[PDB]
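As a starting point, one isolated chain is supplied in structure tokens, in the form deposited in one PDB entry.
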């Protein structure tokens, strides 16, 4: 998966495609919009390939990581999604949506204590009042 690629790239420490600016920003933006065109039409497998492609080229990009994590969550690959949401959070820091979705994933993974901590984190630190209501609704059920 995308995380394995990132680690192998770091181990080998050779030149990557991004290191040589092999795909310009404007082309990456286009491929990202094509990925969502597929996603929005229900073509989830093609969207997944396009987001994997984006994450091979530029893994440490919140928008690419969040798109892929969403696909994994829909596909009920909850651990893979949670792992990617955590990468997105560590890169973004100020957006608590990846924490909220991780909490959803942890519930499905039968880890309610982890899920509770995720949702409490949202309520304490997010300034998105609507996200906080959603998180509280999950807390009410645990």
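Residue numbers count along the first chain shown, from 1. Shifts are known only where both forms have a C-alpha. Whichever C-alpha set is largest while still superposing within 1.5 Å between the two forms counts as the rigid core.
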property	result
88-96 set against 62-70, stretch whose average Cα temperature factor tops the other in the entry	88-96
Stretch exceeding the other in mean C-alpha B-factor - 22-30, 101-109	22-30
Lowest, middle or highest third - CA B-factor, residue 117	highest
For residue 10, the third of its chain into which the C-alpha B factor falls	lowest
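The same protein also has a form solved in complex with a partner chain, omitted here; what follows describes it.
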item	value
The partner chain contact at residue 111 in the bound PDB entry, heavy atom, 4.5 Å	no
Partner contact for residue 107 in the bound PDB entry: the partner chain, 4.5 angstroms, heavy atom	no
is_contact(residue 132, the partner chain) in the bound PDB entry, heavy atom dist at most 4.5 Å	no
Cα displacement of residue 125 between this form and the one not shown reaching 2 Å, rigid core superposed	no
Rigid core fit then residue 24 CA moved by 2 Å or more between this form and the one not shown	no
Inter-Cα distance between residue 12 and residue 79 in the bound PDB entry, nearer or further [3 Å or more]	farther
Residue pair residue 19, residue 58 - Cα distance in the bound PDB entry, closer or farther (3 Å or more)	closer
Segments displaced between this form and the one not shown (3 or more residues, each Cα shift of 2 Å or more, core-superposed)	2-22
